[PDB]
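Residue numbers (the deposited numbering), protein chains in the order written: chain A, 6 to 49; chain B, 245 to 293; chain C, 99 to 147; chain D, 162 to 466; chain E, 343 to 391; chain F, 805 to 877; chain G, 6 to 107.
Beta carbons are placed, not taken as given, at the ideal position from N, Cα and C, and that holds for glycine.
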Amino acid sequence: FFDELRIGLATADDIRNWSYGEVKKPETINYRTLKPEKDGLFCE
Amino acid sequence: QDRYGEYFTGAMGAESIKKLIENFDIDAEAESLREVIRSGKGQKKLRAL
Amino acid sequence: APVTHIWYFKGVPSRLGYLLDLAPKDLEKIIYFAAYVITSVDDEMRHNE
Amino acid sequence: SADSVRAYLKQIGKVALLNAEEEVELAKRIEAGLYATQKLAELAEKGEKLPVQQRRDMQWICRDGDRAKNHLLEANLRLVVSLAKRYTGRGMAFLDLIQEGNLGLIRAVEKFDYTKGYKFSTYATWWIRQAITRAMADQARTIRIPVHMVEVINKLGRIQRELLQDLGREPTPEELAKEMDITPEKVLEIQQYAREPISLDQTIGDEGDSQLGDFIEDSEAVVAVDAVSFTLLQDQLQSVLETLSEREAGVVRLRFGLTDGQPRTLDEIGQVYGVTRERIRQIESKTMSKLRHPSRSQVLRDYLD
Amino acid sequence: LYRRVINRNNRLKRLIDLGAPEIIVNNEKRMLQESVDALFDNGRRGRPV
Amino acid sequence: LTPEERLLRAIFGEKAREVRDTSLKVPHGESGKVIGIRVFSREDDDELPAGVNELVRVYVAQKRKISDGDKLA
Amino acid sequence: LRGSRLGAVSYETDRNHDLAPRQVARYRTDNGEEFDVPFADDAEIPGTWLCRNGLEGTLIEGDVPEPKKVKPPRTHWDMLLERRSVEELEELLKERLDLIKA
DNA sequence: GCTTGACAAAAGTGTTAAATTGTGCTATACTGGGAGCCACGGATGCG
DNA sequence: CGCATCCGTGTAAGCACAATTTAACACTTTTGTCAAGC
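Have a look at this one:
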């Protein structure tokens, strides 16, 4: 249950813990199939 | 650097700031600031606070 | 390469500047590779030679 | 001023631009140092040794070649800016163009040949232009288009401009197909591939408060009335008709995978028991005939659009 | 704004790999800093992208 | 298709067509008599937008009487 | 205006009392961090996997190492050898050595 | 009610051709951008 | 120690070759289907 809200300071470890996978490429989607490109933005 | 390189370490950019933070200690600054605050007859009182 | 968070660099006043005892327009130059800065100096070496 | 372009422009001038009789020694030393490294590698591989004087000389020339390469790069950094300044306005940052031209300059230095007698300025220009063009093709659009398709788009655009200037009026898809030796549908496809997206952050409504994304429907939203009714199907079609038929519908649960999720072929549901393929083939038709009866058929009419 | 951060971050990794002289590497680091600053607060320092 | 939908299709004598219905329909609260229709076709050299094959416009005319809530002045 | 998320949304009921069997495999990365991945009972577990930390890790079981058949990347030495031969550069190295002595 | 065997149609394996994408090369000389059509509060030197 | 003024701030590729992905074709296995009989 909600009791209080805390706003700390985020370090590299916190960001890596939140992260599910590193973005390696600026790709967003395929220009022809329009599917998201792997290892980039919008990566499934 | 080429005359006295081993006497010191220098850098620039965010890397130097990161290193300064690693080798920096917070306690001494707080103690010095408190001392200046309790002895700040001049303008340094406001800056120290 | 390490990068500093802009909010704390020039937070009006510079939080990082106050913490590191670097005045405005001097910490700025270090961040943007406009000047060098000494991270550490070895006093032990100079005593020997 | 805080402009980073100015900081780079007022920095590359620390090294004076070279001349024909000053740059040759740079490539000479670069090659000498690289082959000094090769001789050292051979020495390590073959277990050879050299006099300390020769070893020191070889290492010193290796360092001298590294220094000469660095000096040549710093001296020619100005050419990179002088060449990349032209590509402004395409849609890429000026400094990124400068740095990609610097990569091209590094490649040119790696592949320069003084023995041909030509000047470095002539040879490095091609590499710098190639690097800038590669950078523009690879990373100038939010949706990346391969290099060959980018070249096709550029050719189509140039031909379109030429035809428009010649005829004044706008061209037609048939004219583009005739000129480019491709079908008009292919011309339309290229035009679509060259179409750039817009940003949802743009203001809308003739006032600065609203944003474009405010008035976009969610076509994939889960309509409640359907979402509920589907579950009601799991109560009716999935359940009651099965209770009144026993295994005549129990096999159907395996047929379409109502249990465990797998629709299964006749053999798979038959081979595990003592019923043959043809018998299940008959049973399926019998069940279909049974459920076609008006008493059962009328109930489910409303669950099919 | 995200792509800007990625592209440069990749290019730096090439420049360090190729062992370019410190001028280009420093310029790349400065642009990376500027790109991160624009990503967080566009226009807080210099002209906005 | 979900297995229940396939079963329901098997119960009846219908099959799923490859097409979605996106027909034009009268907006909510609107009614009247159709008084005119105008059609433009790409097949007839009409000045249609790019990628548009056909355009249809329908005019609906309704006679409104004075009723509660209407504003007079 | 209406649009699409380049995807589809359904309403099939979610369940947890009947699920596939999982044989979790743990991969260790070079930096020392370990990550677990649940794979189906079909096995065919890859020898290496791309973990959350952005770099590839090897299966902890200690099997299926790579032979490193990948073709070595080109470098400055290759670009240098094509434009000039060994003898011409042996002569150059001898010339440079002579100047140092002088 | 259930099984056997021949038959037609649909679903797999594998080879091959083709379209689609990624990387490298071009040697007269060319070497330092060009855009551009404000008021308020907090601080420091001076009297 | 207070006030006047300065500063920070919210106009110019195209080709070649190699590598990957996708389709077209051919045959083979599997599935559903039909009749007839056990």
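{"Asked": "Below-7 Å beta-carbon distance, E/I348 vs any chain A residue", "Found": "yes"}
{"Asked": "Rounded Cβ spacing between F/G836 and F/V864 (contact assumed at less than 8 Å)", "Found": "4 Å"}
{"Asked": "N-terminal and C-terminal residue of the beta strand (DSSP E) that B/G254 is part of", "Found": "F252 to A255"}
{"Asked": "Chain-order list of residues whose beta-carbon lies under 8 Å from that of B/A255 (same chain, five-residue window excluded)", "Found": "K263"}
{"Asked": "Interface positions of the region 107-126 of chain C facing chain E (Cβ-Cβ less than 9 Å), listed along the chain", "Found": "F107, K108 and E126"}
{"Asked": "Residues sharing a beta bridge with G/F44, DSSP", "Found": "G/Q28"}
{"Asked": "Min CB distance C/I104 to chain B below 7 Å", "Found": "no"}
{"Asked": "Test: G/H81 CB closer than 7 Å to a CB of chain D", "Found": "yes"}
{"Asked": "Neighbourhood of E/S377 by C-beta distance below 6 Å, restricted to the same chain and skipping five residues each side", "Found": "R346, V347 and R350"}
{"Asked": "With 16 other Cβ atoms within 10 Å as the buried cut-off, status of E/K371", "Found": "buried"}
{"Asked": "Ranges of the beta strand (DSSP E) found wholly within the region 293-372 of chain D, counting only runs of at least 3", "Found": "none"}
{"Asked": "Beta-carbon contacts of G/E66 that lie in its chain and below 7 Å, excluding the five residues immediately before and after", "Found": "none"}
{"Asked": "Candidates G/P78, G/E61, G/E96 and G/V75, of which the one nearest G/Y32 by Cα", "Found": "G/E61"}
{"Asked": "Distance, D/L240 Cα to residue 467 of chain D Cα", "Found": "Here chain D has residues from 162 to 466 only, and residue 467 of chain D is not among them."}
{"Asked": "CA nearest to the CA of F/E858, picked from F/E847, F/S871, F/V838 and F/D874", "Found": "F/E847"}
{"Asked": "Proximity of B/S260 and C/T102 at Cβ, strictly below 7 Å", "Found": "no"}
{"Asked": "Element boundaries [beta strand (DSSP E), containing F/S845]", "Found": "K837 to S845"}
{"Asked": "D/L178 and D/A236 closer than 7 Å at C-beta", "Found": "yes"}
{"Asked": "Chain-ordered chain D contacts of A/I34 [CB-CB under 7 Å]", "Found": "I304"}
{"Asked": "Backbone CA spacing between G/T63 and A/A15 [nearest angstrom]", "Found": "30 Å"}
{"Asked": "Top-ranked residue by Cα proximity to D/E403, from D/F391, D/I173 and D/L419", "Found": "D/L419"}
{"Asked": "Positions along the region 58-88 of chain G whose CB lies within less than 9 Å of some CB in chain A", "Found": "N58, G59 and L60"}
{"Asked": "Secondary structure of C/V135, DSSP reduced to three states", "Found": "strand"}
{"Asked": "Touching by the beta-carbon criterion (3+ pairs, under 8 Å), the region 369-387 of chain D and the region 337-357 of chain D", "Found": "no"}
{"Asked": "The region 285-302 of chain D: positions lying closer than 8 Å to chain A by Cβ", "Found": "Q300"}
{"Asked": "Any C-beta of chain F under 7 Å from that of D/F376", "Found": "no"}
{"Asked": "CB contact check: B/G249 to chain E, cutoff 7 Å", "Found": "no"}
{"Asked": "Residues bridged to F/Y863 (per DSSP)", "Found": "F/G840"}
{"Asked": "Simplified DSSP assignment, three categories, for D/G265", "Found": "helix"}
{"Asked": "Closest residue to G/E96 among D/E378, D/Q397, D/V270 and D/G194 (Cα-Cα distance)", "Found": "D/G194"}
{"Asked": "Spatial neighbours of F/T806 in its chain, beta-carbon cut-off 6 Å, leaving aside the 5 residues before and after", "Found": "none"}
{"Asked": "Nearest-angstrom Cα separation, counted from F/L811 out to D/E409", "Found": "14 Å"}
{"Asked": "Proximity of D/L266 and D/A254 at Cβ, strictly below 7 Å", "Found": "no"}
{"Asked": "7 Å Cβ cutoff, A/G26 in contact with chain G", "Found": "yes"}
{"Asked": "Minimum Cβ-Cβ distance from F/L852 to chain D less than 7 Å", "Found": "no"}
{"Asked": "Endpoints, beta strand (DSSP E) assigned at F/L852", "Found": "Neither: F/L852 is in no beta strand (DSSP E) and is coded neither H nor E."}
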